[PDB]
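Heads up, the chain below is alone and in the form deposited in one PDB entry; it's given as structure tokens.
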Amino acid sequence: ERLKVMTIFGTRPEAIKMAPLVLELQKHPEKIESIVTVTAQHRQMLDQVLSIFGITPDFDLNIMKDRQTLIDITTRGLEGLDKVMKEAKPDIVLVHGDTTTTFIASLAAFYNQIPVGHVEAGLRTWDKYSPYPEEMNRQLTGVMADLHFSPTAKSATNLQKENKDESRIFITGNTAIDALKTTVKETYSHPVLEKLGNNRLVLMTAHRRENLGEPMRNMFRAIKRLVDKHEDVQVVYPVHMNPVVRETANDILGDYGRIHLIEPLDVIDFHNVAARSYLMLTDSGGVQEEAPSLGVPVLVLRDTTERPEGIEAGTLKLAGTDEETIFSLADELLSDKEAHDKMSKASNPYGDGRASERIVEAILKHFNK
């Protein structure tokens, strides 16, 4: 009689982080019944990712988020998750990260005495209002979890110090890395890559809010200099244009034909473009933990980092927010093959693509299957 394992996909980004785990669960059909419960409002891409992974949801709830209050999402979610857990009676529920849905899924499981496996556990800012409500959600999920799958020693240590059972804390790595084995195709077509040809692509990502002002203007002046010094380079910045930016951009970037501001890329397009990138400029934590497993040097557009492990391993370098250090570090990697290849061949400390294996082995051992 099979261990009934219910994986929750509460949101589109979770698709990529949880699909590989489900694939791993589906490789043990004698011992495990994989049940997939999707609760996201927006499913088009989620279904896109599900399709590539060969995953058909068993349960679909519509927990509405858009213009909904924390209270409304909290009560409806809890009711609907309780109902689906009484309906499927799973032996364990797997929940990702720091969403309100993860929190209430964990509460619903606790209210049915169903064990919780917390994927990506242990991240702490210890500021309950930054991020809000994510910090508290992951602390709340944490007290209710029976098994903790931390991406890193740092997050595993945070749980140890909260007096969690050390036998229930596993350093698994980041399951997003696991996804790249599936999402990155040997051959792929996209406008970016058609226009790229045999040029080296610098792929830039930047949050608009935290780089609003001088930062982005500095990044623009820097990328402009990069393409001025390197005729075989194209810079691609996927970003939601707002005539704020459009002026900001043209004012500095001009129209010389090798800096392209495009609409955001969906996760599969992003993976496949990043996989063909010579260099990444980013302020994304996910890019910092994932892109290095594609062999891509990553410069971090921040004076400060909460990912010291990547800095120390040599997969990341702090570039700051100032024009001169952004230019200077990118220029180096573009002008010295040895400096590029060193960063490129550095082992990604956030995972080796086997996180899902380690998660499923911990589950099976916990249940003595």
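Each residue number is its position in the shown sequence, starting from 1. C-alpha atoms forming the largest set that superposes within 1.5 Å between two forms make up the rigid core.
Remark: stretch with higher mean C-alpha B factor among 42 to 50 and 325 to 333 is 42 to 50. Once the C-alpha B-factors are averaged per stretch, 58 to 66 and 29 to 37 rank with 58 to 66 first.
Note on 113, 234, 102, 187: the highest value goes to 187, judged by CA B factor as recorded.
Within the listed group 255, 165, 134, 178, the record reports its top CA B-factor for 255.
Residue 82: CA B factor in the middle third of modelled residues in this chain (values from the PDB entry). Among all modelled residues in its chain, residue 12 ranks in the highest third by Cα B-factor. Residue 142: CA B factor in the lowest third of modelled residues in this chain (values from the PDB entry). Per the PDB record, residue ranking by Cα B-factor puts residue 126 in the highest third of the chain. In this PDB entry, residue 151 carries a Cα temperature factor that places it within the lowest third of its chain's modelled residues.
The following text describes the form deposited in another entry, which does not appear among the structures shown.
Core superposition between this form and the one not shown leaves every listed residue (92, 245, 171, 268) with a C-alpha shift below 2 angstroms except 245.
In a rigid-core overlay of the protein, residue 128 has its C-alpha displaced by at least 2 Å between this form and the one not shown.
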